[PDB]
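Trainee: What follows is a structure written as structure tokens; I'll ask about it next.
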Amino acid sequence: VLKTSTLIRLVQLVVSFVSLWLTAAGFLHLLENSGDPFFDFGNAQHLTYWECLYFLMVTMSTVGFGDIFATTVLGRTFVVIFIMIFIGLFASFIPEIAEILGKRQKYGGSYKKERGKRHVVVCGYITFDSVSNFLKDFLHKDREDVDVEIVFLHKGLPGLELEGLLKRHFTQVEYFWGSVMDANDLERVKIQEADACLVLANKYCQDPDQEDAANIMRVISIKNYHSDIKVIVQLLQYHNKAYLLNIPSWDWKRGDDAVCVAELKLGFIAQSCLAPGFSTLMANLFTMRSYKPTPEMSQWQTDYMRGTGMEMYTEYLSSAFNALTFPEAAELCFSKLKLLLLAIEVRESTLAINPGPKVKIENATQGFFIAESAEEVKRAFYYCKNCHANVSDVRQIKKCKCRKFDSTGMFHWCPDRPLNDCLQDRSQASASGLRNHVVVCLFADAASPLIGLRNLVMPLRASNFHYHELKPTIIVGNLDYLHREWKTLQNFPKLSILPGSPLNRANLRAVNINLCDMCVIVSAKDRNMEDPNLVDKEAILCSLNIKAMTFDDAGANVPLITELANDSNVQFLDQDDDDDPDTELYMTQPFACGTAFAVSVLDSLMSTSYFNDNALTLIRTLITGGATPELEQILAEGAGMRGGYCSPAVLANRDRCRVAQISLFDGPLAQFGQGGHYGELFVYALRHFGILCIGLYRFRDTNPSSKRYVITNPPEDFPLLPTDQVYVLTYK
Amino acid sequence: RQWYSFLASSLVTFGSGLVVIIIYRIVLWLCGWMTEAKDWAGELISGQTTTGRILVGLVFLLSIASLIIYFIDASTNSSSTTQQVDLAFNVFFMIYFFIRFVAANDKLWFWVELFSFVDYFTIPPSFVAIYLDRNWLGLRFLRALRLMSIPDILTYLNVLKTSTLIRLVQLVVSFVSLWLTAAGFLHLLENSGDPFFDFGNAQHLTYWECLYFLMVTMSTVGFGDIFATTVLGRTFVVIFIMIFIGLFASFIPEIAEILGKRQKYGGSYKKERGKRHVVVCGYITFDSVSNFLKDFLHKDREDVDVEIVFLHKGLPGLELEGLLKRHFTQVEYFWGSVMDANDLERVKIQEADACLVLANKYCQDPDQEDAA
Ligand SMILES: [Ca+2]
Ligand SMILES: [Ca+2]
Ligand SMILES: [K+]
Ligand SMILES: [K+]
Ligand SMILES: [K+]
Ligand SMILES: [K+]
Ligand SMILES: [K+]
Ligand SMILES: [Mg+2]
Ligand SMILES: [Mg+2]
């Protein structure tokens, strides 16, 4: 009848205790009532058997009321023996029962599904920090208020902070014990009926390979249980993404997005090398924020914090936009509705970013907007040319009543090379007249794991750029490390590797870091293996070393961007600002100016991949420079990049929209920088050139350090300066 | 049949209440409002909406106020200010009882919950009391279990933050509620007596005497100043002894750990006008400081009024504490690292003269020490 060690130990504990307690009671019942032969059976207090149980449990527990006591000689000698023994039983009896009856797992049961409500199964790394970041993005005021429950399936029992968070979000969120590997725990959660499944990941760990290996197995166990299901995964290393693409059930078509952190992280940084500060333009568009201007802030901060409140949104355009060109449509969204229209999905649904006048708007077209909230974008859905054409107040539109190339033709390809062709010393690097280029200051041991600098270099070598226009990249690190990554990196032109650490000024002066477009600082070393303060020692010391240097033909004017493991270590980068660890990473001066880029800002990207399936694949076109699924399956087949010369049909895919900065100092746009506003600039640039002004990169000090800060989609009436730089989607 | 009338009124609600929903789990076994009211009632109880925070805030205060009426009535022992106002609390709680019935997922499993049980033994006898014109304590003491929701109530409002304060409030309130209920359970059994001997034996303890009695037997002191004479009372004491010793054994030591975690050498360095000071930091032990203070504070140097401020992460040892106290006027010790900018405003390093970073010379490796 008894199975498991707990129930056998429990029954042994209870029954042995009860039997011995009952016998001892009866032994006193004998001795007390009989008396003793020492005094001719004279002394004999008349206790019942039931009075002796009360007496013994009391003396066993070491309470000892003295309400009943032993008068007899033989009885008292038994009490002395009883006291020595049964205190020993009672001391181990109750605590061991408490351990056995405490082991019942609390958050068991099973998720009972309601009819109309659809739900999501979150799993993997689930702590207070991972969930609190997730629930702020997923459950938020700005999104369309859809009834979507969340179900946290997890092995461990939750902490006291997490329990409080789960109780505050009572109606939506529910927590459940058990792993994703057991098929019984999936029938429990009802993942078959569920909409999607989100595998979160521990970014800060001992090694990333064991973490992703678990998350890959989590996917396999879900797909083994049921094939037709959306599974979104948070991976860390890019080479681990090849394993998910070779699972047969894993289908790209139905929205199985592997949110690879290293692909995006370096991609965001790579686009900053082309147009500085773009790293923190895009990072703010995906964290769901709201504008709360406190009076302590200065002029530059309040304009930045408005930019944080803008986000990506998908919503259908009204019938007013039908039979109408793109630039005229994007103008109506900006001028009247006050919404920045980026892209329109055209019915295989192609995702065209900022097309010219040829691409018309069909009926029921999904438009991609940058706006303050989802309900603000809903003004596009309720627009009418007959009714709303004379209304200046925009809140009144609530009325519903109306050379070598890759096989894909996306990147600049090369034939395979050995490392010694692209290797350089301090003599050869200084001989090469390097200017307007990228410098990857790479910190790594020989044994340290791969980042995939391939993901940094790839978007720099996009087919949008001509061969002469490409910014020549110089990586600075170990040969032992880069010998691994050379397998992937070999098929990229204008790439140069220089050995030694980038802390040495002799290395940097040979590179000409003073004449650098963007010096990217990366650390491949193990993240959190010792302390939180000593993690970004190399990353901070390299940035401070470059700021401190002076050149003689430009010290602090060297533009650089630092990857960070810790968010709190952002304060040590810049030397002139107010620092508080209470203040979040996005509000800090180094981040706002595109000098820093932590990984933590991409926690929100797991939520957006669920809600807006196309919003994730939008930015992969805009960031990596056309990383098509076609490429991912070619790379999964294992022979690296390939191509040749290619046909003119394939090479007509060089035309897509890259990001670029336009300074308002020279050229035709300079007239607007003197006196006029941002709204006047946007309309003039759109008609003539085919340009969508996303935001500004304005100087912090204007009254002098050269630190510029991001302003994503400012108001219509926002004054410009002649020193400003404007982010733009081009057709050049 | 006084004990039978008030006790049956609770069991009639509980007993016939299962018959209501057993019918609806057989009728549907053979085979809007369920979704909308459930989500509305959940937001109301969970304290998310500001209208919900009124009901959460009232259930906090009204539960304590209803328990105060029991203490006042049970202390002394047709229509008075104590009895008639008690309905205002019970009529409020029966509305709160129907709201939870809507909010919960399982409907049959709701009727066998703790707070659902509390409602059956508290609310019907209070209505029957004015119907029958008889004040009976009976099972009023179970109003102490309404305190148990305070850890939930405060986490619904987000007053409690950090794991220490949530664990502390859970420890204190659960202990106090269970200790108050147990006292009232004896107060019933001791004063009522028992049906074994026709309610003959019945020692007249107050509710307050039972608290003193239980805390004593809970603590394993057992004076025998007050004791249990009754059969049902003694059986409760045997059960109480087996359980509440287990609570009391883990209650006090875990509170000692929580109230011991307050860091002693906190505060902030208050700077005098003329005196300038120095911020010593890094490796700070008895050996490093004692060598430093012999050189820095010495007879041979020019006697300049220079205070020393030891900013350090760790809590100092017993030898170091004695050394810091001997040098009372000059030397001061402070918790917190040099990395946190709040701990620098604390020490006032901006106004300070210098900062001395000491180093552990004898270590596992020198590179990690210098890196710090
Ligand atoms: Ca917003
Ligand atoms: Ca700083
Ligand atoms: K004792
Ligand atoms: K004792
Ligand atoms: K005693
Ligand atoms: K005693
Ligand atoms: K006595
Ligand atoms: Mg629910
Ligand atoms: Mg002083």
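The numbers here are math on the coordinates, done by the rules we state, and not lab data. Here the Cβ is made from the backbone with ideal geometry for all residues, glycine too, and neighbour counts use every protein chain on show.
Trainee: Take the alpha carbon gyration tensor of the range A:466-511, find the square roots of its eigenvalues, order them as a ≥ b ≥ c, and report rounded if a/c is under 1.5; if not, report prolate when a/b exceeds b/c, else oblate.
Mentor: oblate
Trainee: Averaging the inverse of every distinct alpha carbon separation and then flipping it gives the Kirkwood radius. What is it for the range A:117-260, in angstrom units?
Mentor: Over the range A:117-260, the inverse of the mean reciprocal pair distance is 15.7 Å.
Trainee: Would you list, by chain and number, the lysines whose Cα falls below 17 Å from the Cα of B:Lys264, excluding same-chain residues fewer than 8 positions away?
Mentor: Straight-distance partners of B:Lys264: B:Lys313, B:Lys325.
Trainee: Moving on. Output needed: percent of Cα pairs per 10 Å distance bin for the range B:286-372, bins running from 0 to the one holding the longest distance.
Mentor: Binned Cα distances yield the sequence 14, 44, 36, 7.
Trainee: Here's something else I'd like to know. So, counting K/R as plus one and D/E as minus one, what does the shell of residues with Cβ under 12 Å around A:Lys471 add up to?
Mentor: +1
Trainee: Provide Rg over Rh for the range A:8-61; use the alpha carbon set for both Rg and the Kirkwood Rh (inverse mean inverse pair distance).
Mentor: With Rh from the inverse mean 1/r over Cα pairs, Rg/Rh is 1.13.
Trainee: Can you tell me the Rg and Dmax of chain A, counting just the alpha carbons, in angstroms?
Mentor: Just the Cα atoms of chain A yield Rg and Dmax of 34.1, 126 Å.
Trainee: What ³J(HN,Hα) values, in whole Hz, does the Karplus curve 6.51 cos²θ - 1.76 cosθ + 1.60 give for the range B:110-117 when θ = phi - 60°, with x put for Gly and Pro?
Mentor: After applying 6.51 cos²θ - 1.76 cosθ + 1.60, I find 5, 6, 10, 10, 5, 6, 5, 4 Hz.
Trainee: Based only on the alpha carbon positions, what is the Kirkwood hydrodynamic radius of the range B:51-179, in angstrom?
Mentor: Result for the range B:51-179 stands at 15.9 Å.
Trainee: Return the Cα extents of the range B:82-142 along principal axes one, two and three, sorted largest first, each rounded to a whole Å.
Mentor: Principal-axis extents of the range B:82-142 (Cα, largest first): 38, 19, 18 Å.
Trainee: Please go through the residue pairs A:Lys203/A:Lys537; A:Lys112/B:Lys107; A:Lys117/A:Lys155; A:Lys292/B:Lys348 and name each one whose alpha carbons sit more than 21 Å apart in this structure.
Mentor: The answer is A:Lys117/A:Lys155; A:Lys292/B:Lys348.
Trainee: Sticking with this one: Based on the Cβ-Cβ distance from A:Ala389 to A:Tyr467, what FRET efficiency comes out when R0 is 51 Å, to the nearest 0.05?
Mentor: With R0 = 51 Å, the Cβ-Cβ based efficiency is 0.55.
Trainee: Could you calculate the FRET efficiency of A:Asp580 with B:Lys38 from 1/(1 + (r/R0)^6), where r is the beta carbon distance between them and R0 is 41 Å, rounded to 0.05?
Mentor: About 0.45, to the nearest 0.05.
Trainee: Given N residues in the range A:575-636, what is Rg(Cα) / (2.2 N^0.38 Å)?
Mentor: 1.55
Trainee: Principal axis lengths of the range A:61-147 from Cα atoms, whole Å, largest first?
Mentor: So the extents along the principal axes, rounded to whole Å, are 83, 30, 24.
Trainee: List the residues of the range A:533-554 whose backbone N lies under 19 Å from a point placed 7 Å from the Cα of A:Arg509 along the Cα-to-Cβ direction.
Mentor: Once the point is set 7 Å along Cα→Cβ of A:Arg509, A:542-554 turn out to lie under 19 Å by backbone N, inside the range A:533-554.
Trainee: May I ask you to give the average projected area over all directions of the convex hull of the Cα atoms of the range A:645-697, in nm² rounded to one decimal?
Mentor: Dividing the Cα hull surface by four gives the mean projection, 5.2 nm².
Trainee: Take every DSSP beta bridge with both residues inside the protein assembly as shown and express the antiparallel ones as a percent of the total, to the nearest 5.
Mentor: Around 35 percent of the beta bridges assigned by DSSP in the protein assembly as shown are antiparallel ones.
Trainee: As an exercise, use a Förster radius of 56 Å and the Cβ-Cβ distance of A:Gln396 and B:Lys107 to find the FRET efficiency, rounded to the nearest 0.05.
Mentor: Step by step, r from the Cβ atoms, then E = 0.75.
Trainee: What 222 nm value per residue comes from the helices of chain B, counting each DSSP H run with n ≥ 4 as -39,500 (n - 2.57) and dividing by all residues, nearest 500 deg cm²/dmol?
Mentor: About -19500 deg cm²/dmol.
Trainee: Straight-line reach from B:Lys299: which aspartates and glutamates have a Cα under 19 Å away, not including same-chain ones fewer than 8 places off?
Mentor: Straight-line reach from B:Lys299, under 19 Å: B:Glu307.
Trainee: What's log10 of I(q)/I(0) for the range A:195-327 at q = 0.14, 0.21, 0.22 Å⁻¹, Debye sum over Cα points only, no solvent?
Mentor: At q = 0.14, 0.21, 0.22 Å⁻¹ the computed log10 ratios are -0.89, -1.18, -1.22.
Trainee: How shielded is B:217-224 by partner chains, expressed as the average number of their Cβ atoms within 10 Å of its Cβ atoms?
Mentor: Taking all residues of B:217-224 together, the mean is 4.
Trainee: What does DSSP give for the range A:232-376 in terms of the percent of beta bridges that are antiparallel, rounded to the nearest 5?
Mentor: Taking every DSSP beta bridge with both residues in the range A:232-376, the antiparallel ones total about 85 percent.
Trainee: Could you state the principal axis extents of the C-alpha atoms in the range A:407-460, from the largest down, to the nearest angstrom?
Mentor: Cα spread of the range A:407-460 along its principal axes, largest to smallest: 38, 31, 24 Å.
Trainee: Check which residues have an amide H placed less than 5 Å from A:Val659's amide H, if you skip close sequence neighbours.
Mentor: Those lying under 5 Å, H to H, from A:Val659: there are none.
Trainee: Among A:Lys190/A:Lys378; A:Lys265/A:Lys487; A:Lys241/A:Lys487; A:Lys106/A:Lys136, which pairs are too far apart, with a Cα-Cα distance over 28 Å?
Mentor: Check vs 28 Å cut-off fails for A:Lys190/A:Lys378.
Trainee: Another question about this same structure. If you filter the range B:214-313 for GluC sites (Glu not before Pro), then keep DSSP loop positions with at most 12 other Cβ within 10 Å, what is left?
Mentor: B:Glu272, B:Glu302
Trainee: Using a 10 Å cut-off around each Cβ of peptide A:160-169, what is the average number of partner chain Cβ atoms that fall inside?
Mentor: 5
Trainee: Taking every Cα atom in the range A:410-510, find the radius of gyration and the maximum pairwise distance Dmax, and write them in Å.
Mentor: When restricted to Cα atoms, the range A:410-510 yields Rg and Dmax of 13.1, 37 Å.
Trainee: For A:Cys260, what residues show an amide H to amide H distance below 5 Å, using hydrogens built from the backbone and excluding near sequence neighbours?
Mentor: A:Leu235
Trainee: For a protection proxy built on the mean count of beta-carbon atoms within 10 angstrom, sort A:445-454, A:622-631 highest first, please.
Mentor: A:622-631, A:445-454
Trainee: List, in order, the whole-Hz ³J(HN,Hα) value for each residue of the range A:230-240 obtained from phi through the Karplus relation with A = 6.51, B = -1.76, C = 1.60 and θ = phi - 60°; use x for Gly and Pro.
Mentor: With the stated coefficients, the range A:230-240 comes to 7, 10, 9, 10, 9, 9, 10, 8, 6, 5, 6 Hz.
Trainee: Using C-alpha positions alone, give me the convex hull volume of the range B:188-262 per residue in cubic angstrom.
Mentor: In the range B:188-262, the Cα hull volume divided by residue count equals 92 Å³.
Trainee: Could you order the peptides B:211-218, B:282-289 from most to least packed, using the average number of other C-beta atoms within 10 Å per residue?
Mentor: B:211-218, B:282-289
Trainee: Taking amide H positions as placed 1.01 Å from N in the peptide plane, with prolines and chain starts having none, which residues 5 or more places from A:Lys230, or on another chain, fall under 5 Å of its amide H?
Mentor: A:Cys197
Trainee: Still on this structure, please answer the following. Evaluate the Debye formula for the range A:298-396 with equal point scatterers sitting on the alpha carbons, no solvent, and hand back log10 of I(q)/I(0) at q = 0.10, 0.12, 0.18, 0.19 Å⁻¹, in q order, two decimals.
Mentor: -0.28, -0.40, -0.83, -0.91
Trainee: Also, quick follow-up: Calculate I(q)/I(0) for the range A:592-707 by the Debye formula, one identical point scatterer on each C-alpha and no solvent, and give its log10 at q = 0.14, 0.17, 0.20 Å⁻¹ to two decimals.
Mentor: Debye curve over Cα of the range A:592-707, log10 I(q)/I(0) at q = 0.14, 0.17, 0.20 Å⁻¹: -0.97, -1.16, -1.25.
Trainee: Can you work out ³J(HN,Hα) from phi for every residue in the range B:20-26, in order, using Karplus 6.51 cos²θ - 1.76 cosθ + 1.60 and θ = phi - 60°, giving whole Hz and x for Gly and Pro?
Mentor: 4, 8, 4, 4, 7, 9, 9
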